[PDB]
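Here's the structure, in structure tokens; my notes come after.
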Amino acid sequence: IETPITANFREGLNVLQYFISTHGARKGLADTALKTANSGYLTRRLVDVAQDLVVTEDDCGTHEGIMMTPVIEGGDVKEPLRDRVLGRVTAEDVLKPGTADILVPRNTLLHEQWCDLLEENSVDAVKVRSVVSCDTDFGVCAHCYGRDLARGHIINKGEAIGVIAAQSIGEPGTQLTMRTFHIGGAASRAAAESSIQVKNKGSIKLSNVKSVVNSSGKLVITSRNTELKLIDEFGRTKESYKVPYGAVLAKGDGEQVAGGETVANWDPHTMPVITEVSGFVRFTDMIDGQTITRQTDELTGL
Amino acid sequence: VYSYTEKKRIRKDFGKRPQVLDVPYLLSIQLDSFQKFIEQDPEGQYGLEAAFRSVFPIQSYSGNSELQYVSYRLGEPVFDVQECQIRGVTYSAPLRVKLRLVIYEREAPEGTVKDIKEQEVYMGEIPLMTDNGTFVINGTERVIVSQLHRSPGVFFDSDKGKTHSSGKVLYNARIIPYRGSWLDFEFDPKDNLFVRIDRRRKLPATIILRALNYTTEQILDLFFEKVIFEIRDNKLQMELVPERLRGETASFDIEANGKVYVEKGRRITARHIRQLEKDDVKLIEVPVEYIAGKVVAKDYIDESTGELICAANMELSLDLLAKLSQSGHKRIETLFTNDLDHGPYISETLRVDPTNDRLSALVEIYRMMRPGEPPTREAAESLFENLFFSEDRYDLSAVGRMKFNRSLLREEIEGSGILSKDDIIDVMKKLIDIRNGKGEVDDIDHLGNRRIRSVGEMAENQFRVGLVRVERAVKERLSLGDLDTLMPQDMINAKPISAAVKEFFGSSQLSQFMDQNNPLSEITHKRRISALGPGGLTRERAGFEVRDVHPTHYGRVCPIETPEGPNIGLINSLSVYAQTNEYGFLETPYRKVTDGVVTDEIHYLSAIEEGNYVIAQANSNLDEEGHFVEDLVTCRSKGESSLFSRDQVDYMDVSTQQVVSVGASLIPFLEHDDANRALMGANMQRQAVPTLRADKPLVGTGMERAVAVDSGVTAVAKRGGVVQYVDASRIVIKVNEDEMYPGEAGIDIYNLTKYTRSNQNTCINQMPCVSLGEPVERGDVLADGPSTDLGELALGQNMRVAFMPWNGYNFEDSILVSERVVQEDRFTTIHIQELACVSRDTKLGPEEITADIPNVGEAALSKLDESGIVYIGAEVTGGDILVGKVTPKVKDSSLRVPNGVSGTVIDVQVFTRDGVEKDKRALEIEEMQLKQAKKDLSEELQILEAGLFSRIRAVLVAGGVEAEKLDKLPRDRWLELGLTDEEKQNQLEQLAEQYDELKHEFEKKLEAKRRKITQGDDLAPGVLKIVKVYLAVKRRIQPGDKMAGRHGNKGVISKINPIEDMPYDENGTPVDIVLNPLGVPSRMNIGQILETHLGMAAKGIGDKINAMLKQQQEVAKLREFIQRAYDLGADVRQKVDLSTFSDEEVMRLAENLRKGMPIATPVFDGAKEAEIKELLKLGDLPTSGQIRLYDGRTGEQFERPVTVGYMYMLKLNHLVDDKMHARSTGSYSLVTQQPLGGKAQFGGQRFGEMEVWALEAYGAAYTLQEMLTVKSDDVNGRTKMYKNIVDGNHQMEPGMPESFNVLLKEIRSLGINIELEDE
Amino acid sequence: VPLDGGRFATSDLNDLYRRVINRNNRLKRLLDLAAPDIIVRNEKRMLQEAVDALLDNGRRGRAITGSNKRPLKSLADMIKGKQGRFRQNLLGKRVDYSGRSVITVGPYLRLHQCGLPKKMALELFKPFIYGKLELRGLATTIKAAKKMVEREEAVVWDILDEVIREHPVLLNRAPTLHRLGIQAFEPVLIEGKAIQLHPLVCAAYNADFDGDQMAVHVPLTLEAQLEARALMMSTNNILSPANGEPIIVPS
Amino acid sequence: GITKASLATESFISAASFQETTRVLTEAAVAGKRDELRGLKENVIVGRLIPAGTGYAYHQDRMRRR
DNA sequence: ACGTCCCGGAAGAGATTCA
DNA sequence: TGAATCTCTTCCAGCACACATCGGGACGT
RNA sequence: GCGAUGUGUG
Ligand SMILES: Nc1ccn([C@@H]2O[C@H](COP(=O)(O)OP(=O)(O)OP(=O)(O)O)[C@@H](O)[C@H]2O)c(=O)n1
Ligand SMILES: [Mg+2]
Ligand SMILES: [Zn+2]
């Protein structure tokens, strides 16, 4: 609703504000009931496709492994490499960045000591074994599943990972659903921030940029998935941002910026159609009434 | 000044806004609706009269015989309500109807041979409505919830988006008639107008157009506007209206009447149109390469021969131009088809027409309605005439016609009940005009489209259905004429009507079982507005915008009271002041506002009419003249709501409550709680069980008075008088004189209802509150009902609470209760169960009720008497025998107390089917009831006679007071006492006739009552006698029960505590309940904390009075103190003074305050922090409301003072001894050998699908095997398991699940073959 | 099924079968009289529609109804649906030796044990109690044992302590979601009628004490007790299986 | 998708238990699709051990014998 | 009377657009 | 002449309780 | 000791 309550329970509420609060709370309840139905159906489907799967061999004996990197959203690194690769059998030995100094052998179980070693030596890529590429018939070998949870040691031989996995995925969908109301009817809404405010001294690295230099001497971006990155003064990747289409960059690529130096600036409520060439404009295939409509400003006469 | 009863406890009352409209009688819906249903209203107009005048007279095939109507009547009910509840009958009244039968003459004009009136033919029964607004059906007391369904009329809906996956909206217009077949019009993504009927397959709307007998030329002339071309020597002068000169580029240089006026290419601007208008020319000149894009209007034939040149609705080309040019048709008409003004929708639909004329149209209608059968001409003609034009099978209500003519922007709001050609055509024109851009859709949630039925309307519809079936029967038997050898008692058949009305009141999603455990529960279950049931929508097809709340609800339906769960928002509860319109919509009050003066004349407004006006809002400061105090004030106009000018408002809201319901306006400080907690508060307060010693709430919202007075549970005195006799059974009032009739003088008697059963087993009960020799006034209470204190709605009891953690014993919510509470029996509720025991005579022989039972003991029989039925008062426990019953074999089949419940037997009923002999205790109870009836009617006559003779003795003071000759003779010998020749002897004639009539009515009623009690009974086919027994369980409080505040603070009372351990305060008194602080700022209900503080203020004032009253204090002191307390606060309404209380009423007022000075707080115009601080400081209590407390165990102080106060808490009928249950081995289901389910049946739980997943997720596998093989199903398995156990050897031997074996049998009974391959 | 009386409420399978048999019989009668072709054709169609209803009502057009207006249940509906034998009696079964009550707190518990009211205990462990009674010799037959445990003579409470001492029981909370929805506990007999629950486990059951109800089951066989002790105990689960972080967090 | 990879399964008691039974039974019928136990839900339907934990040791024994 | 009947999603199959 | 795309029809929509009423009428002996 | 509907719980 575009009319926010402007009062708090310690103060009174006139009748209208309370009425709007009613809008909100009935949202809460209705969504609990119906979305509960949805989530329950979901977990059912999951545990009936992920059922016939049971750890069965102690070691498949392969070498495929997916890659693991820290995940960043634009502020603090959200889920760092330690949290992602805690407890999982390294596929291919991780070289210390002193290349040819093999730091961990290629079938170790990265428990907490090894996670601390990786954090100290500042590694940002580990190739680790993963169930999706396990070469065992009718099941999944032990190592390829990595560290069990709920117990410290490695997975056993039998623990039906299918069902526990399906439940742990489908559960917090239901549990949050049946609880979403007692925040109230509040609106979990956050603006687009309209600009990328870098946080720490470092360098700049763009990925998938197709820019062009507008009249005023700036650099606008004419590419879709453009991803901006802040590198630190040791080479590490610290920040990653999504620069939307048509945004205005302050600095180009490969230029030392410092903290609090707004690099990007766009309009969070408009996807412009910026050009790349310069000249005159003709409307092509624009017939009134059929496709376009032609309004007029009374005030400006235009 | 106050009602003398109010002067017993005059509640302090905050609240600033002066009220103007008292609360209306909270059962208007139910009571007015049924009273309107069943009442001799003349001139038809919504009654049984109406149903009869609409179905009668039934005429044969003019068979010179016809059945016509006279008048109807209802006998008295055979059984009054109480006997009817006890026995199981419907509290019904017969329906006696006067039906005349006229017999005309053959071989004559319409002349009668002989008419006959089989006076009052009987038909069916109709259940009357008890004064409370509840129906009785089978010994239970059932309630009919009003239905909120879509108003019969027309609606132009959109259905945007979803369909066609292209964003192209459609526009379907629906005609919804109150009784008959629907009708729908809708476009297609090809801009074709298609009709459908009863949601069957689809048809081309023009087919129904010319099934109404139109021709294609007529159709086009109705829908489109003509265009005139004139053949002349020079380019066929076209007639050009400037309206058709917008938005496009004309295909020629526009000159006419001389010089060029609008040049080609120049898209005609508005100023160009103005030029043209100033030019005074519409005969202009056109090219020829334009008409190629037009369509001919009507048929053109060749005038030389007489053959078609081009038919109507056909496009053009130069060849056709010349062909119709040769004959010289100087004027040609086409259809003005702009793509922006007039889409050729009717044109395209006509092109798509697969039909020819009326014949083929009706053929198609028939073929798509009743598929696959010969389209006989008469058949299709009769069908179409009987779908939208027959007074029988199609009818809009008068409401239908109103809403219809209103939505079509017609003029008058009355007319025929059937459709018409013009009405269908207006519907279509409006639909197309919506498609063009003018007009709007009609949203359905808007309360200008929903509509409230009620018992009157629904029962009337069902009774009409009964009548159509009886008319089939009557007409069928009458057409086979027979001269006079019958009369209107055999031509009729009461059975279909009776069955129909029984079906309605019994089996439906509306007529349901009343939650009769709490006055509030009754009164908020009668005012319910369900959107489900027949005619309404269903939960599975339930949309989502309908579950949302809508801005027209403001003051018509409560926003914050909806049953949370599977059907939210469909079960709205009604507001406080809201009323039903004359037609059926929900109207609400307002206050008329002239220039700047808020007149106190109320003014009801419906839904739609609320939109046009600007309405102010109730919390607007206005100063002693009806003038607002600002010059811009908050108001709401149409959905929006903002600040408007002072002299623009037109209606001010009545009171600050009118937005909420009765269920929600009993919560103090509502405006400090989140809506979710207000909602849960409304529910829990609806579920609270009455207690043993009722107790007012210190902190209410003033609505207790109206709720408790108009809930019916109490006995509101009718004629104010002086109490003559009080007694825990009855109350006998003398009437004041000026409030009495000349004759019929007498006095009033209220028979209270002592301990009896509710529908949720709580004990409904009444207690006299007025003491002997005491005035009472009209409209006043005498008897406290269940949970009423001096006529105030007191559900729970108020206890001293203190918010603090306390050794975890209140970890989540677990309230902790001190033993002081359980000692003073201040939750000791009472239940009353009803146990039955039937006796049947079957094959092998009957079943006796003899006291002798095979294989039982003299101890187990002592409580039985010499017949086999327990005494009254035998304090049985679990396992005893209540009624000794055996079956022939002989096998024990007695009735026994359900395991776990203790308690006392308080009443025993015996019913014996007529014919079987009555046993000795049945005779005993027979005579007991007889003597009670005799004594009661004799008390009637004696006390009433006492009153009458007292009045006569009062009369003869003036007119021959003869003390001697008056007390000489027995006062009954007052026929001829010395009185002058005046009218006073006439008045004595009046009174003496009343006395003789009392004589005879006593005689006749006594005789009839003796007959009732003597006679046998009518019972279920296949039964001999029934013995009902009632118990009186007294369930205490105990760790497990659920108590709750009034704001969502639930909680399972966890540990009962000794008196010591309670954190006693700085003075000695130990707090009585410890809640949990961490529960508040999470459950965002900050309301309960203010409730606590204000309660502590109230009780502080209470103890100050208690001291000033214990130390006797020269009542001047009490007067001063009470006066200060009532005058405290900001500008408030109360303004009581204590110089008009006679200086003894004040002593009684203090007597009733010494428990604590009650306080009101109307819902939104309530108290404030400043006022509570000021009140506390009037008391001797700390300003913060927080005290230091000392721990009961270690005796050392707490850090950081805590909050104490008195919070009003409630018990809830979710009790641990009704929830706890346990099964080791019992019965087993019959088809799949599994244990039964439930508690009544001794069933075990349901180890369900997700539990099986949990066990699979663990490694456990043997547990799961025994959990679904041995513990549950496999029969060999579990007998062997039981024996292995009782031998000490724990081991299983699985086998196979029997229900799996059943799955095999079913898949095998299909064609499929499932087997079990060899190992 | 016999209802209350000598009357049998309608049973849908028997109804369908009865209909099909009547159609079959009438058509058998027509095919011994050289009946006319239109009538034998109409009757074959009726028999076909009847068998279609029997196998799977409703997959054809207007389904039949028997009570007033609800489609009666055919074999495909004995198998399909949320209430066919699959999702109703072959995966989730009702179980003996079970019980249920309301929960409350009692912070004096070690976290591997839960209170359990005397009456639920005596009702659940009845077979074990019989065993120990006629093992000690206080009652010869089984009926004497049944009399004794029903009358609740004061020996059964010592018997019951000895048959509880080291015997896990499974507690469960109704909407079970993740594999912590079922845990084990050793019992401790209590007065009253509410199951007591250690406070560090409401985090796993998602159980506030505002009125929740929990169900107890008893593991019968010896292997099952060992499972309830070595896989499902409360102590053996102090780490969630979703994320590694603990699940016995104080709340 | 999951709600297809669960139906197109080698077993058919699983599928039959999941989300529709008409289609699965008719297809399995016309193909004569012999189903082993081979999984968890099949073995639970039929009511025996579950090749998951303790049951997994048992099924080692059983597959070893055959 | 007893006895004896009467809504998102998706995949199949029109059907309409390329030639 | 064939491959897209628009139409209609089947199939599913969370778990565990607790309690209440109610169960088909229409005609020869 | 079956199935429908209904109300109400977590
Ligand atoms: N359709 C529903 C409704 C409720 N619940 C159960 O009820 C719990 C929520 O209880 P509730 O009291 O309604 O909310 P809470 O926040 O837990 O407690 P409170 O309402 O007092 O704040 C959910 O976790 C869920 O276990 C459910 O499973 N399914
Ligand atoms: Mg809760
Ligand atoms: Zn592997």
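By convention in this document, the chains of the structure tokens carry letters A, B, ... by their order, each chain's residues are numbered from 1, and ligands are numbered from 1 in the order they are shown.
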Could you give me, as a Markdown table, every chain A residue with an atom at most 10 Å from ligand 2, plus its closest atom pair and distance in Å to one decimal, counting only C-alpha atoms and all ligand atoms, rows ordered by chain then number?
| residue | atom | partner | partner_atom_place_in_ligand_line | distance |
| --- | --- | --- | --- | --- |
| A:178 | CA | ligand 2 | 1 (Mg) | 9.6 |
| A:179 | CA | ligand 2 | 1 (Mg) | 8.9 |
| A:182 | CA | ligand 2 | 1 (Mg) | 9.9 |
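Here the helix (DSSP H, G or I) residues in segment 211-246 of chain C, by DSSP on the backbone, are residues 222, 223, 224, 225, 226, 227, 228, 229 and 230 of chain C.
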Can you spit out the residues from that selection as a PDB file, in the first residue's frame, using N, CA, C and O atoms?
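result-v9.pdb, written as the output of this step:
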ATOM      1  N   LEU C 222      13.686 -55.632  20.921  1.00  0.00           N
ATOM      2  CA  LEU C 222      14.966 -55.335  21.539  1.00  0.00           C
ATOM      3  C   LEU C 222      15.857 -54.536  20.604  1.00  0.00           C
ATOM      4  O   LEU C 222      16.506 -53.563  21.019  1.00  0.00           O
ATOM      5  N   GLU C 223      15.900 -54.928  19.337  1.00  0.00           N
ATOM      6  CA  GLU C 223      16.627 -54.132  18.366  1.00  0.00           C
ATOM      7  C   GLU C 223      16.073 -52.725  18.312  1.00  0.00           C
ATOM      8  O   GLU C 223      16.822 -51.761  18.136  1.00  0.00           O
ATOM      9  N   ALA C 224      14.766 -52.577  18.479  1.00  0.00           N
ATOM     10  CA  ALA C 224      14.187 -51.248  18.369  1.00  0.00           C
ATOM     11  C   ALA C 224      14.583 -50.380  19.545  1.00  0.00           C
ATOM     12  O   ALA C 224      14.813 -49.181  19.385  1.00  0.00           O
ATOM     13  N   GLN C 225      14.662 -50.957  20.737  1.00  0.00           N
ATOM     14  CA  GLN C 225      15.136 -50.167  21.864  1.00  0.00           C
ATOM     15  C   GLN C 225      16.569 -49.730  21.631  1.00  0.00           C
ATOM     16  O   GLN C 225      16.925 -48.568  21.855  1.00  0.00           O
ATOM     17  N   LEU C 226      17.409 -50.648  21.171  1.00  0.00           N
ATOM     18  CA  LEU C 226      18.773 -50.242  20.873  1.00  0.00           C
ATOM     19  C   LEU C 226      18.830 -49.153  19.815  1.00  0.00           C
ATOM     20  O   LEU C 226      19.697 -48.282  19.886  1.00  0.00           O
ATOM     21  N   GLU C 227      17.924 -49.159  18.840  1.00  0.00           N
ATOM     22  CA  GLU C 227      17.910 -48.045  17.898  1.00  0.00           C
ATOM     23  C   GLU C 227      17.516 -46.755  18.592  1.00  0.00           C
ATOM     24  O   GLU C 227      18.184 -45.730  18.442  1.00  0.00           O
ATOM     25  N   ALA C 228      16.439 -46.785  19.365  1.00  0.00           N
ATOM     26  CA  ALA C 228      16.017 -45.577  20.054  1.00  0.00           C
ATOM     27  C   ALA C 228      17.091 -45.062  20.985  1.00  0.00           C
ATOM     28  O   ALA C 228      17.023 -43.912  21.410  1.00  0.00           O
ATOM     29  N   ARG C 229      18.066 -45.887  21.327  1.00  0.00           N
ATOM     30  CA  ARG C 229      19.133 -45.416  22.195  1.00  0.00           C
ATOM     31  C   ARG C 229      20.382 -44.977  21.447  1.00  0.00           C
ATOM     32  O   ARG C 229      21.072 -44.061  21.898  1.00  0.00           O
ATOM     33  N   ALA C 230      20.707 -45.604  20.326  1.00  0.00           N
ATOM     34  CA  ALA C 230      21.954 -45.319  19.638  1.00  0.00           C
ATOM     35  C   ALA C 230      21.792 -44.510  18.368  1.00  0.00           C
ATOM     36  O   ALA C 230      22.793 -44.226  17.712  1.00  0.00           O
TER      37      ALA C 230
END
I need the chain E residues near chain B as a VMD selection string; criterion: at most 12 Å, counting only C-alpha atoms (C1' of nucleotides).
chain E and resid 1 7 to 8
How about saving the chosen residues, N, CA, C and O atoms (P, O5', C5', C4', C3', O3' and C1' of nucleotides) kept, as a compact mmCIF listing (two decimals), in the first residue's frame?
# COMPACT_ATOMS: atom_id res chain seq x y z
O5' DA E 1 -47.07 -48.99 11.68
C5' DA E 1 -45.78 -49.36 11.20
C4' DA E 1 -45.80 -50.77 10.67
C3' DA E 1 -44.49 -51.24 10.02
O3' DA E 1 -44.34 -52.64 10.23
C1' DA E 1 -46.19 -51.35 8.44
P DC E 7 -10.64 -20.16 -10.52
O5' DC E 7 -9.13 -20.06 -10.00
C5' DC E 7 -8.35 -21.26 -9.86
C4' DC E 7 -6.87 -20.99 -10.10
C3' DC E 7 -6.51 -20.63 -11.51
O3' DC E 7 -5.13 -20.34 -11.58
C1' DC E 7 -6.09 -22.91 -11.16
P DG E 8 -4.50 -19.03 -10.90
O5' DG E 8 -2.94 -19.26 -11.09
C5' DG E 8 -2.46 -19.77 -12.32
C4' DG E 8 -1.41 -20.83 -12.11
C3' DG E 8 -0.57 -21.13 -13.34
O3' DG E 8 0.66 -21.66 -12.94
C1' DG E 8 -1.78 -23.02 -12.81
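Any residue of chain F with an atom no more than 9 Å from chain C counts as a contact; using only C-alpha atoms (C1' of nucleotides), that gives residues 14, 15, 16, 17, 23 and 24 of chain F.
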D:49, D:8, D:63, D:57 ranked by distance to chain B, top pick (using only C-alpha atoms):
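With only C-alpha atoms as the atom set, the closest residue is D:49.
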Would you give me, as a PyMOL selection string, the residues of chain F that come within 10 Å of chain B, using only C-alpha atoms (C1' of nucleotides)?
chain F and resi 6+13+15-22
Expected file: the selected residues, N, CA, C and O atoms (P, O5', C5', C4', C3', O3' and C1' of nucleotides), as a PDB file, in the first residue's frame:
ATOM      1  P    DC F   6      -0.847 -18.371 -29.996  1.00  0.00           P
ATOM      2  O5'  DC F   6      -2.412 -18.652 -29.858  1.00  0.00           O
ATOM      3  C5'  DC F   6      -3.189 -18.821 -31.029  1.00  0.00           C
ATOM      4  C4'  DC F   6      -4.274 -19.876 -30.853  1.00  0.00           C
ATOM      5  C3'  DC F   6      -4.971 -19.906 -29.500  1.00  0.00           C
ATOM      6  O3'  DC F   6      -6.304 -20.307 -29.705  1.00  0.00           O
ATOM      7  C1'  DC F   6      -4.053 -21.985 -29.907  1.00  0.00           C
ATOM      8  P    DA F  13      -1.912 -33.802  -4.251  1.00  0.00           P
ATOM      9  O5'  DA F  13      -2.243 -32.282  -3.933  1.00  0.00           O
ATOM     10  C5'  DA F  13      -1.350 -31.287  -4.380  1.00  0.00           C
ATOM     11  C4'  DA F  13      -1.681 -29.934  -3.794  1.00  0.00           C
ATOM     12  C3'  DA F  13      -2.625 -29.968  -2.620  1.00  0.00           C
ATOM     13  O3'  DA F  13      -1.907 -30.070  -1.439  1.00  0.00           O
ATOM     14  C1'  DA F  13      -3.385 -28.405  -4.214  1.00  0.00           C
ATOM     15  P    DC F  15      -1.153 -34.099   3.783  1.00  0.00           P
ATOM     16  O5'  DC F  15      -0.717 -33.984   5.299  1.00  0.00           O
ATOM     17  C5'  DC F  15       0.500 -34.544   5.694  1.00  0.00           C
ATOM     18  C4'  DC F  15       0.747 -34.301   7.160  1.00  0.00           C
ATOM     19  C3'  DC F  15      -0.330 -34.794   8.076  1.00  0.00           C
ATOM     20  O3'  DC F  15      -0.151 -36.150   8.332  1.00  0.00           O
ATOM     21  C1'  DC F  15       0.383 -32.640   8.727  1.00  0.00           C
ATOM     22  P    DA F  16      -1.416 -37.051   8.703  1.00  0.00           P
ATOM     23  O5'  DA F  16      -1.705 -36.682  10.218  1.00  0.00           O
ATOM     24  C5'  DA F  16      -0.855 -37.171  11.212  1.00  0.00           C
ATOM     25  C4'  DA F  16      -1.140 -36.499  12.524  1.00  0.00           C
ATOM     26  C3'  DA F  16      -2.558 -36.633  13.013  1.00  0.00           C
ATOM     27  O3'  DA F  16      -2.718 -37.852  13.671  1.00  0.00           O
ATOM     28  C1'  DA F  16      -1.811 -34.421  13.263  1.00  0.00           C
ATOM     29  P    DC F  17      -4.182 -38.423  13.977  1.00  0.00           P
ATOM     30  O5'  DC F  17      -5.015 -37.150  14.345  1.00  0.00           O
ATOM     31  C5'  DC F  17      -6.034 -37.272  15.254  1.00  0.00           C
ATOM     32  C4'  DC F  17      -5.774 -36.414  16.460  1.00  0.00           C
ATOM     33  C3'  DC F  17      -7.025 -35.992  17.175  1.00  0.00           C
ATOM     34  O3'  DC F  17      -7.166 -36.788  18.285  1.00  0.00           O
ATOM     35  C1'  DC F  17      -5.804 -34.077  16.497  1.00  0.00           C
ATOM     36  P    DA F  18      -8.457 -37.707  18.411  1.00  0.00           P
ATOM     37  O5'  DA F  18      -9.456 -36.783  19.222  1.00  0.00           O
ATOM     38  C5'  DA F  18      -8.949 -35.948  20.216  1.00  0.00           C
ATOM     39  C4'  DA F  18      -9.820 -34.732  20.370  1.00  0.00           C
ATOM     40  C3'  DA F  18     -11.286 -34.979  20.160  1.00  0.00           C
ATOM     41  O3'  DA F  18     -11.847 -35.485  21.345  1.00  0.00           O
ATOM     42  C1'  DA F  18     -10.615 -32.973  19.093  1.00  0.00           C
ATOM     43  P    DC F  19     -13.074 -36.516  21.293  1.00  0.00           P
ATOM     44  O5'  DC F  19     -14.299 -35.638  20.823  1.00  0.00           O
ATOM     45  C5'  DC F  19     -14.900 -34.782  21.736  1.00  0.00           C
ATOM     46  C4'  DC F  19     -15.773 -33.794  21.020  1.00  0.00           C
ATOM     47  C3'  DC F  19     -16.965 -34.398  20.335  1.00  0.00           C
ATOM     48  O3'  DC F  19     -18.008 -34.557  21.271  1.00  0.00           O
ATOM     49  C1'  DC F  19     -15.917 -32.760  18.962  1.00  0.00           C
ATOM     50  P    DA F  20     -19.274 -35.483  20.933  1.00  0.00           P
ATOM     51  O5'  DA F  20     -20.111 -34.634  19.874  1.00  0.00           O
ATOM     52  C5'  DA F  20     -20.856 -33.518  20.304  1.00  0.00           C
ATOM     53  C4'  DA F  20     -21.350 -32.715  19.122  1.00  0.00           C
ATOM     54  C3'  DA F  20     -22.324 -33.438  18.230  1.00  0.00           C
ATOM     55  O3'  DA F  20     -23.633 -33.268  18.730  1.00  0.00           O
ATOM     56  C1'  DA F  20     -20.682 -32.277  16.937  1.00  0.00           C
ATOM     57  P    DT F  21     -24.724 -34.433  18.578  1.00  0.00           P
ATOM     58  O5'  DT F  21     -25.244 -34.284  17.081  1.00  0.00           O
ATOM     59  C5'  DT F  21     -26.055 -33.196  16.740  1.00  0.00           C
ATOM     60  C4'  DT F  21     -26.230 -33.100  15.244  1.00  0.00           C
ATOM     61  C3'  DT F  21     -27.152 -34.145  14.633  1.00  0.00           C
ATOM     62  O3'  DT F  21     -27.889 -33.555  13.582  1.00  0.00           O
ATOM     63  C1'  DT F  21     -25.083 -34.244  13.590  1.00  0.00           C
ATOM     64  P    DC F  22     -29.277 -34.203  13.113  1.00  0.00           P
ATOM     65  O5'  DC F  22     -29.055 -34.530  11.568  1.00  0.00           O
ATOM     66  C5'  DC F  22     -27.774 -34.888  11.103  1.00  0.00           C
ATOM     67  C4'  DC F  22     -27.864 -35.869   9.957  1.00  0.00           C
ATOM     68  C3'  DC F  22     -28.783 -37.042  10.204  1.00  0.00           C
ATOM     69  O3'  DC F  22     -29.036 -37.663   8.970  1.00  0.00           O
ATOM     70  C1'  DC F  22     -26.640 -37.832  10.175  1.00  0.00           C
TER      71       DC F  22
END
Would you kindly return, as a list in words, each protein, DNA or RNA residue with an atom no farther than 6 Å from any atom of residue 109 of chain A, considering only C-alpha atoms (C1' of nucleotides) and excluding same-chain residues fewer than 4 positions away?
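Here the qualifying residues turn out to be residues 87, 88 and 89 of chain A.
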Export C-alpha atoms of the chosen residues as a short mmCIF file (atom, residue, chain, number, x, y, z; two decimals), in the first residue's frame?
data_model
loop_
_atom_site.label_atom_id
_atom_site.label_comp_id
_atom_site.auth_asym_id
_atom_site.auth_seq_id
_atom_site.Cartn_x
_atom_site.Cartn_y
_atom_site.Cartn_z
CA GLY A 87 33.96 -30.78 5.29
CA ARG A 88 34.25 -32.02 1.74
CA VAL A 89 36.77 -34.28 0.07
#
Each residue of chain B with at least one atom at most 9 Å from ligand 1 should appear once, together with its nearest atom pair and the corresponding distance in Å (one decimal); atoms considered: only C-alpha atoms and all ligand atoms; ordering: chain, then increasing residue number; output as a Markdown table.
| residue | atom | partner | partner_atom_place_in_ligand_line | distance |
| --- | --- | --- | --- | --- |
| B:565 | CA | ligand 1 | 1 (N) | 6.7 |
| B:566 | CA | ligand 1 | 1 (N) | 7.9 |
| B:676 | CA | ligand 1 | 20 (O) | 9.0 |
| B:677 | CA | ligand 1 | 20 (O) | 8.6 |
| B:680 | CA | ligand 1 | 20 (O) | 8.3 |
| B:813 | CA | ligand 1 | 21 (O) | 8.2 |
| B:1048 | CA | ligand 1 | 21 (O) | 6.6 |
| B:1049 | CA | ligand 1 | 21 (O) | 6.9 |
| B:1050 | CA | ligand 1 | 21 (O) | 6.5 |
| B:1051 | CA | ligand 1 | 21 (O) | 8.2 |
| B:1079 | CA | ligand 1 | 22 (O) | 8.7 |
| B:1082 | CA | ligand 1 | 22 (O) | 8.1 |
| B:1083 | CA | ligand 1 | 22 (O) | 6.0 |
